[PDB]
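K.L.:
Show me the folded form of this:
(3 chains)
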Amino acid sequence: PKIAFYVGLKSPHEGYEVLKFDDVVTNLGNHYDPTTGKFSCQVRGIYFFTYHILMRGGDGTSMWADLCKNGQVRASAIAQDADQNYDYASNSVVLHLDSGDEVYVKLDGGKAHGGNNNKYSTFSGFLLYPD
Amino acid sequence: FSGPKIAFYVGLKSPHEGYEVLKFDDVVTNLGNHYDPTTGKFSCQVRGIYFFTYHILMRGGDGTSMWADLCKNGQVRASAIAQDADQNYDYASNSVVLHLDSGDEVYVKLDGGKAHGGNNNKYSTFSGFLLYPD
Amino acid sequence: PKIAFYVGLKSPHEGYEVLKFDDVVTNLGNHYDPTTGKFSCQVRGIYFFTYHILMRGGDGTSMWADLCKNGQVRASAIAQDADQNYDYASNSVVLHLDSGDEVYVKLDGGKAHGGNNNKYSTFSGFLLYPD
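P.N.:
Numbering: from 1, shown residues only, chains lettered A, B, ... in the order given. Find the structure here:
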């Protein structure tokens, strides 16, 4: 089986519950759902994910972009801002997934920037080894 | 992960411009010899799904913003904006998964800054590999 | 052979010789050894690695996170934020490994930050193509 996706933002989005990437560049298997913002596992196995978020949140308060699986943080990234030189929040993971597990990016204390033409905020993943 | 084996990882022997294309000349891995450091482009011979990632140490930005773009046949498919200037560098990075037809080219281009690195200090990188052939 | 790992940091660590990631999230094959901090190849082939280190200790100097194979740097990342906050140092490689080769992250000029709670600093890798 062949499962891989790469998605970005068609406009700035907030991500209080989930950052809903809506610019879908690659979606092999159709397992990423832009209406929910989640990648839902249909093949049990080992996956790679990576994200890279351009975050704005004003002030001088920290901000985070987390990768979640089923509501548990599996990687986190803290960004400052420093409204001058923004911040990107990024990380990468290898995770084991069961069928029905949900993987997504969540924002804490800041907004994600990007658009159709400037694909700044991205999220990708693919299946490494099926069980 | 079964058919042909294609993967590359490259960097800079010295600082380079890349206004049309950043020509990484430090070839660490080049399974299949499909990255060409004379053109700075990865050229697909195997139709399928590919992962790419890049991480460019940029400076020279006066005060303005600079960009590192990943292109495919002249179309930007990912961007990173870097806004340091005051002194020293800032990184511009991204990752993508793209479908390629035979003969498509993938490469990194720069706007408003210069990529830094050297065999000494492998700061600026470009890597990719085939995930699934069609 | 399914060989992949994702590891993070349970507490702040030095990494002047090797950053010993101690939060083992994924370790297919058990080839990453949290006691040494090294991933160790018994299957020769082509591997992807990526790392993302949140560092501190930059006074008026830069800091580095380097990815090494058998003592040789194969990727470097310079981090320069000092006056305030923290700064990430990150990179990705594709490398051929011989059986026995050791891959690990090494720091210079600063200290890695994190917790099992604050999962900021990460290291991941997987076998792409066995020879």
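K.L.:
check contacts around the closest residue to chain C within chain A.
P.N.:
Using C-beta to the nearest C-beta, the closest approach of chain A to chain C is made by residue A:94 at 4.0 Å. (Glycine included, C-beta is placed from N, CA and C.) By C-beta atoms under 8 Å, 6 or more residues apart in numbering or on different chains, residue A:94 lies in contact with A:46-48, A:128, C:4-6, C:25-26, C:124-126.
K.L.:
Please apply the same query to residue A:56.
P.N.:
Residues near residue A:56 by C-beta under 8 Å, 6+ apart: A:12, A:81, A:83, A:86, A:110-111, A:113.
K.L.:
most residues in a single strand of chain A, which one?
P.N.:
Counting residues, the longest strand found in chain A (DSSP state E) is strand A:45-56.
K.L.:
in that one, what counts as buried?
P.N.:
Neighbour-count burial for strand A:45-56 flags A:45-55 (criterion: 16 or more other C-beta atoms under 10 Å in any protein chain shown).
K.L.:
What of stretch A:88-106?
P.N.:
A:88-97, A:101-106.
K.L.:
cool, and stretch A:109-119?
P.N.:
Judged by neighbour count using 16+ other C-beta under 10 Å, the buried positions of stretch A:109-119 are A:109-114, A:118-119.
K.L.:
related to what we said a few turns ago, what pairs with the longest strand of chain A, parallel or antiparallel?
P.N.:
Strand A:45-56 has its sheet partners listed here by DSSP bridges as strand A:88-97 (antiparallel), strand A:111-113 (antiparallel), strand A:122-130 (antiparallel).
K.L.:
May I see these organised as TSV, with distance to residue A:35 added?
P.N.:
Shown next, in TSV, are those (distance: least, C-beta to C-beta, whole Å):
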stretch	distance to residue A:35
strand A:88-97	20
strand A:111-113	17
strand A:122-130	15
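K.L.:
which residues sit in contact with the residue nearest the centre of chain A?
P.N.:
Nearest to the mean C-alpha position of chain A, by C-alpha atoms, centre = their mean, lies residue A:105 at 3.6 Å. Shown in contact with residue A:105 (C-beta under 8 Å, 6+ apart): A:15, A:18-19, A:21, A:37, A:51, A:53, A:65-68, A:123.
K.L.:
go on, residue A:64?
P.N.:
Neighbour list for residue A:64: A:76-79, A:89, A:107-110 [criterion: C-beta under 8 Å, 6+ apart].
K.L.:
Find the helix or strand that it is a member of.
P.N.:
Per DSSP states H and E: residue A:64 is located in strand A:63-69.
K.L.:
and that strand, how far from the chain's centre?
P.N.:
Averaging C-alpha positions (C-alpha atoms, centre = their mean, to the nearest Å) puts strand A:63-69 8 Å from its chain's average.
K.L.:
any bit of the very next helix or strand once past it sitting next to chain B?
P.N.:
Sequence order places strand A:72-79 as the next helix or strand after strand A:63-69, per DSSP H and E. No - applying C-beta under 8 Å from any C-beta of the partner chain, one finds strand A:72-79 separated from chain B by no less than 12.7 Å.
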